[PDB]
Amino acid sequence: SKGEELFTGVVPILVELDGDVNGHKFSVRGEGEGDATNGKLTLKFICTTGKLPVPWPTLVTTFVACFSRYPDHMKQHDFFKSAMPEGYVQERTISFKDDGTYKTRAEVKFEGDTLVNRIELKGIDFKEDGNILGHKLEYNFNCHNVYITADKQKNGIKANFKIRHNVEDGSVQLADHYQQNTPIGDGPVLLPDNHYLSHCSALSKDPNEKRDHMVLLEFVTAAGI
């Protein structure tokens, strides 16, 4: 309806993250474009404080489900666009198996014509020579399905899902995601039936960027059970 109309074209995106992980304070700024018609996101992120203290792949899921492609038969289940323009809060705990935890709180909303994802992150209990602080994760990303359910209690959605990061030694690092989203505004939103968002992502580098950075391409499509 009104919310969907905001995504019919290409939408500029701004991402801002302030983080602290095991006492290391850092900031990231990203920008790019979303094309929800094709479920497509393109973003480039720069660590504005120097070297990023964690591997870039561990922040991919933190750095805009409103750009997912919901097929015609599923448009009644698109909570994320229905909350726009006032937006939604996205909160996660990400538990890295046998390692530390991230806690994140983000607001995703329009600021003028730009879709803005503004995030605060706190990371604790990381091992000094684990896969995260030891920078042992490969610079790549796998496809994942995220099971989305309506929150039985709070006018939003929830998702619990496993993310798997390839490690340089051939192993896999699991990151258990616990997610809740709630609208910022008081207007009516769409509360979905159980469904999936299927994600695939590709990471790359800008050959002319001297700062620590990540280029991200994501494709996301909704699918029913």
Side-chain angles (χ1 to χ4, degrees), residues 3-4 6-21 25-49 52 54-70 78-94 102-123 141 144 146 148 156-159 161 163 175 177-185 189 197 199-204 211-222:
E4 299 170 343
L6 300 174
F7 293 90
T8 56
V10 171
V11 176
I13 302 169
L14 172 64
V15 180
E16 301 184 335
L17 179 142
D18 280 342
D20 291 271
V21 173
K25 189 179 184 299
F26 63 99
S27 299
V28 174
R29 300 290 177 268
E31 64 181 293
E33 298 178 348
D35 170 23
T37 300
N38 289 303
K40 178 179 71 179
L41 154 161
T42 45
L43 292 168
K44 176 181 171 188
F45 305 92
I46 286 75
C47 180
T48 56
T49 47
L52 193 70
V54 297
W56 284 106
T58 69
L59 298 179
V60 166
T61 59
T62 296
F63 294 147
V64 287
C66 47
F67 290 105
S68 303
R69 180 171 78 80
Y70 275 74
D78 186 352
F79 163 84
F80 306 100
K81 293 185 191 58
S82 81
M84 295 296 163
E86 295 81 10
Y88 54 82
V89 175
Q90 176 158 303
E91 292 170 288
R92 294 208 181 96
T93 290
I94 302 168
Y102 294 163
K103 205 155 312 283
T104 67
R105 184 187 189 275
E107 292 190 8
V108 184
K109 69 179 108 72
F110 277 90
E111 301 183 11
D113 292 318
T114 303
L115 189 282
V116 181
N117 181 17
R118 190 171 289 105
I119 311 134
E120 168 156 88
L121 179 149
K122 303 253 173 263
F141 219 80
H144 302 92
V146 176
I148 302 291
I157 62 90
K158 45 197 211 311
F161 56 102
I163 291 290
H177 282 56
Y178 302 86
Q179 177 175 342
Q180 300 89 33
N181 292 48
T182 179
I184 293 170
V189 297
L197 285 178
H199 303 244
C200 291
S201 310
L203 315 187
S204 60
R211 295 164 292 181
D212 202 359
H213 72 282
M214 167 170 74
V215 179
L216 170 65
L217 165 63
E218 282 191 23
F219 279 108
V220 193
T221 308

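Sequential numbering from 1 along the given sequence is applied to the chain's residues. No hydrogens, no waters, no symmetry mates; every other heavy atom, side chains included, goes into these values.
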Are the side chains of [Y] and [X] in contact, using a 4.5 Å heavy-atom criterion?
| X | Y | value |
| --- | --- | --- |
| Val108 | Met84 | yes |
| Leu59 | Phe45 | no |
| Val60 | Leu216 | yes |
| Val146 | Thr61 | no |
| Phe141 | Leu217 | no |
| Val64 | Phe80 | no |
| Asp113 | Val11 | no |
| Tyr70 | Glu4 | no |

Take a 6.0 Å sphere around [atom1] of [X] and say whether it holds more than 12 heavy atoms from other residues, nucleotides or ligands.
| X | atom1 | answer |
| --- | --- | --- |
| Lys158 | NZ | yes |
| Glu120 | CD | no |
| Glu31 | CD | no |

Parallel, tilted or perpendicular for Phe79 and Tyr88, by the 30°/60° rule? tilted

Between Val15 and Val28, does a side-chain contact (heavy atoms from CB on, under 4.5 Å) hold up when you go through it step by step? CA-CA 8 Å; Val15 180; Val28 174; over 6 Å; no

So, [X] side chain and [Y] main chain: donor-acceptor pair closer than 3.5 Å or not?
| X | Y | result |
| --- | --- | --- |
| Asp212 | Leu52 | yes |
| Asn181 | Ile157 | no |
| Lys81 | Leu6 | no |

Could you check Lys109 against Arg118 for side-chain contact (heavy atoms from CB on, under 4.5 Å), going step by step and ending with a plain yes or no? CA-CA 9 Å; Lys109 69 179 108 72; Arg118 190 171 289 105; 3.9 Å; yes

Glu218: salt bridge (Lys or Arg N to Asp or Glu O under 4.0 Å) partners, not counting sequence neighbours: none

Quick one: salt bridge (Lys or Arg N to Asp or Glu O under 4.0 Å) partners of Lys103, sequence neighbours excluded? none

If I take atom [atom1] from residue [X] and atom [atom2] from residue [Y], how far apart are they, to the nearest 0.5 angstrom?
| X | Y | atom1 | atom2 | answer |
| --- | --- | --- | --- | --- |
| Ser68 | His199 | OG | NE2 | 5.5 Å |
| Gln90 | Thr104 | CD | OG1 | 7.0 Å |
| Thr42 | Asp35 | OG1 | CG | 8.5 Å |
| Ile119 | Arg105 | CD1 | CZ | 12.0 Å |

Nearest atoms (heavy-atom pairs only) where [X] meets [Y]:
| X | Y | answer |
| --- | --- | --- |
| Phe7 | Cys66 | CZ-CB, 3.7 Å |
| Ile13 | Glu33 | CD1-C, 3.5 Å |
| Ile46 | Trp56 | C-CH2, 4.1 Å |

Mind running side-chain contact (heavy atoms from CB on, under 4.5 Å) on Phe161 and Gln179 for me, showing each step along the way? CA-CA 8 Å; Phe161 56 102; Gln179 177 175 342; 3.3 Å; yes

Given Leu115, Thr37, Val220, the one that forms side-chain contact (heavy atoms from CB on, under 4.5 Å) with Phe67: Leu115

Charged N-O contact under 4.0 Å between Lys122 and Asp20: yes

Using the test side chain to side chain contact (heavy atoms under 4.5 Å, CB included), find all partners of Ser27 that sit at least two apart in sequence or belong to another chain. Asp18, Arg29, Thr48, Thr49

